[PDB]
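Engineer: Quick one: structure below, then a few questions.
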Amino acid sequence: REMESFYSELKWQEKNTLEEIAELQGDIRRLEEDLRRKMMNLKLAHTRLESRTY
Amino acid sequence: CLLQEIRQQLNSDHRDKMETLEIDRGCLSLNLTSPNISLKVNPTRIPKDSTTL
């Protein structure tokens, strides 16, 4: 009885940890795409300055 | 003679303002996803002209 209670609890914690890992991967890829979008805005500002310096 | 010289200087000033308007309209027309954007070398520099308003 004691052994099977502990076994059931450990699988429930396995389930919740796997769900958290999946949703944290989704947030990681959203952060990673917003890095490149901000790089695009940086390129635009640099070429506006060097456009006006002619 | 004096009027000829004054008109020469005003012609030069008009040319400068037309070229200025043209470059500023191009800089406004640029946006995202445009094929001319890039990271520019030293974009925060101040050139030798450096006129104030």
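Naming works like this for the structure tokens: A, B, ... for the chains as they're shown, residue 1 at the start of each chain, ligands 1 onward in shown order.
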DSSP on the backbone, then: every residue of chain B marked alpha helix (DSSP H), written as a CSV table (one decimal) with C-alpha atoms, in the first residue's frame.
Structural biologist:
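Output file result.csv is given in full below:
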```
chain,number,residue,atom,x,y,z
B,2,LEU,CA,24.3,93.5,-57.4
B,3,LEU,CA,21.0,91.9,-58.3
B,4,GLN,CA,22.8,89.3,-60.5
B,5,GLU,CA,25.0,88.3,-57.5
B,6,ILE,CA,22.0,88.1,-55.1
B,7,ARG,CA,20.1,85.9,-57.6
B,8,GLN,CA,23.1,83.6,-57.9
B,9,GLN,CA,23.2,83.0,-54.1
B,10,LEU,CA,19.5,82.5,-53.9
B,11,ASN,CA,19.7,79.9,-56.7
B,12,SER,CA,22.3,78.0,-54.7
B,13,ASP,CA,20.2,78.0,-51.6
B,14,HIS,CA,17.1,76.8,-53.6
B,15,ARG,CA,19.2,73.9,-54.9
B,16,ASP,CA,20.3,72.9,-51.4
B,17,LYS,CA,16.7,72.9,-50.1
B,18,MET,CA,15.4,70.8,-53.0
B,19,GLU,CA,18.1,68.1,-52.5
B,20,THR,CA,17.4,68.2,-48.8
B,21,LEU,CA,13.6,67.7,-49.3
B,22,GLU,CA,14.4,64.8,-51.6
B,23,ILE,CA,16.7,62.9,-49.2
B,24,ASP,CA,14.3,63.4,-46.3
B,25,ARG,CA,11.4,62.1,-48.2
B,26,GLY,CA,13.4,59.0,-49.1
B,27,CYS,CA,14.3,58.5,-45.4
B,28,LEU,CA,10.6,58.7,-44.6
B,29,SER,CA,9.7,56.3,-47.3
```
Engineer: Considering only C-alpha atoms, give me a table of residues in chain A that are at most 9 Å from chain B, with the closest atom pair and distance in Å for each, as a Markdown table.
Structural biologist:
```
| residue | atom | partner | partner_atom | distance |
| --- | --- | --- | --- | --- |
| A:39 | CA | B:39 | CA | 8.7 |
| A:40 | CA | B:32 | CA | 7.3 |
| A:41 | CA | B:32 | CA | 7.3 |
| A:42 | CA | B:39 | CA | 7.0 |
| A:43 | CA | B:39 | CA | 4.3 |
| A:44 | CA | B:37 | CA | 5.4 |
| A:45 | CA | B:43 | CA | 8.2 |
| A:46 | CA | B:40 | CA | 5.0 |
| A:47 | CA | B:40 | CA | 5.8 |
| A:48 | CA | B:27 | CA | 5.7 |
| A:49 | CA | B:43 | CA | 5.8 |
| A:50 | CA | B:43 | CA | 6.0 |
| A:51 | CA | B:27 | CA | 6.7 |
| A:52 | CA | B:23 | CA | 6.6 |
| A:53 | CA | B:47 | CA | 7.5 |
| A:54 | CA | B:23 | CA | 8.2 |
```
Engineer: In Å to one decimal, how far is CA of residue 23 (chain A) from CA of residue 38 (chain A)?
Structural biologist: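 Interatomic distance here is 23.4 Å.
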Engineer: Which distance in Å separates CA of residue 8 (chain A) and CA of residue 20 (chain A), to one decimal?
Structural biologist: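 Separation between CA of residue 8 (chain A) and CA of residue 20 (chain A): 19.1 Å.
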Engineer: Separation of CA of residue 12 (chain A) and CA of residue 26 (chain A), in Å?
Structural biologist: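 Spanning CA of residue 12 (chain A) to CA of residue 26 (chain A) is a straight-line distance of 22.3 Å.
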